[PDB]
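Please read the structure below before turning to the comments.
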Amino acid sequence: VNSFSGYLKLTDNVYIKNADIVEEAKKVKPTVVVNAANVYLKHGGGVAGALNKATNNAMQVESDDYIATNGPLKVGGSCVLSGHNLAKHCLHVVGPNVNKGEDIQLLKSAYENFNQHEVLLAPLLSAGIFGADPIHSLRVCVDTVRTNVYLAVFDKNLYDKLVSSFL
Ligand SMILES: O=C1Cc2ccccc2N1
Numbered sequence: 003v004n005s006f007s008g009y010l011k012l013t014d015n016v017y018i019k020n021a022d023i024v025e026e027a028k029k030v031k032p033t034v035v036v037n038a039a040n041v042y043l044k045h046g047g048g049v050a051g052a053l054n055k056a057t058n059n060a061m062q063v064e065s066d067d068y069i070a071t072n073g074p075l076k077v078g079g080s081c082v083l084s085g086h087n088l089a090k091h092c093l094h095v096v097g098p099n100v101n102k103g104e105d106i107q108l109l110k111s112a113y114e115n116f117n118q119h120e121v122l123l124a125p126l127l128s129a130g131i132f133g134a135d136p137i138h139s140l141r142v143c144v145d146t147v148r149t150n151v152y153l154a155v156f157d158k159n160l161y162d163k164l165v166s167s168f169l
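In the authors' numbering, the protein residues as written are 3 to 169.
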């Protein structure tokens, strides 16, 4: 049993809810929250900007030190950093950004990072300002992630379309 409430069950392991991931993280304090990161861990907008704002910029400060030591992530890659006030850990995952011309086949590699964690609160990778089709992102998620994933979808309209169209 876990703390996640109000989710619709899509599969054995994937759950979905219309929710602000920031407000959900604050309520649940999950072991892992996933950030929709870029390779530079520059948390300007989208999910990353919202998560970082909720940490009062402490996520960005920590991220800048990580990049200064390790250099950029790979598209499809990830790193584990602090969850600050939102979670125990933040898994920063880089999905391909279609608005930069990245290979959408890298979305499966991105989701494979989730399998290193038994339970996660996450957004749909490469959705929103990353430019991918969220319906496709949900399909790759279900077909790739084997661990227990709780997806937060900010937009109610999109949430209802994801559920109604789910095979
Ligand atoms: O609110 C939103 C923003 C967006 C981008 C692409 C597809 C669906 C949606 N819903």
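Where a beta carbon is used, it is the ideal one built from N, C-alpha and C, also for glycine.
Check, Outcome
"For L122, the residue or residues it bridges with in DSSP", "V151"
"Which of helix, strand or coil DSSP assigns to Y42", "coil"
"For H91, the residue or residues it bridges with in DSSP", "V34, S84"
"Proximity of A27 and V35 at Cβ, strictly below 8 Å", "yes"
"Reduced DSSP category for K76 - H, G, I as helix; E, B as strand; rest coil", "coil"
"Which of helix, strand or coil DSSP assigns to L160", "helix"
"Beta carbon of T33 nearer than 8 Å to that of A89", "yes"
"Range of the contiguous beta strand (DSSP E) that encloses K19", "16-20"
"Proximity test, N54 beta-carbon vs ligand 1 heavy atom, cut-off 7 Å", "no"
"Meets three-Cβ-pair contact criterion under 8 Å: the stretch 41-52 and the stretch 66-76", "yes"
"Distance, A39 Cα to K102 Cα", "14 Å"
"Residue of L12, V3, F6, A52 minimising C-alpha distance to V24", "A52"
"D157: CB within 7 Å of a non-hydrogen atom of ligand 1", "yes"
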